[PDB]
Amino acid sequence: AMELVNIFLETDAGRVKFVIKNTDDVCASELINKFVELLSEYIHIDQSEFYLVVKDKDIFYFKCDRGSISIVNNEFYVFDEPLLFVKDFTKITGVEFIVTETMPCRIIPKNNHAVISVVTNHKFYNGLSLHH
């Protein structure tokens, strides 16, 4: 079981996750193409530039630059912001990207979908915490 933690669907019923099951014998590197295929329903992969953050126990970062996929070093964003999700829907209205200072995006949607951009800056502990 793996899911994206930085890209979601906006639907009539609420936020829907990108989830792939039956992955026990594969690492994130081995199925990142399948997540890109899922996203191609909703955006023009050949024109878009974005990041994919996959959770499978650990977190794994990838970049998809006009269809060319690469590994990104671990950036330590929590991708925690307690999100509400729904499991079923009838209409897609948009695609939601969680963007960061180091992970911008350039998205060309299909089918007149909205592009939603939400920022996160929260990172795991790195040896120093600051009272704000």
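Sequential numbering from 1, following the sequence displayed.
**Q** Mind pulling up the entry and telling me whether 41-49 or 23-31 has the higher mean Cα temperature factor?
**A** On average, C-alpha B-factors are higher across 23-31.
**Q** Which is higher on mean Cα B factor in this entry, 52-60 or 97-105?
**A** Higher mean C-alpha B-factor: 52-60.
**Q** Name the one of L83, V72, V86, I69 with the greatest CA B-factor according to the PDB entry.
**A** Each of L83, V72, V86, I69 was compared by C-alpha B-factor; the highest is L83.
**Q** Tell me, please, which of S117, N112, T11, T120 has the highest C-alpha B factor according to the deposited entry?
**A** That would be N112, according to the entry.
**Q** In terms of the chain's CA B-factor thirds, is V5 lowest, middle or highest?
**A** CA B-factor rank for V5: lowest third.
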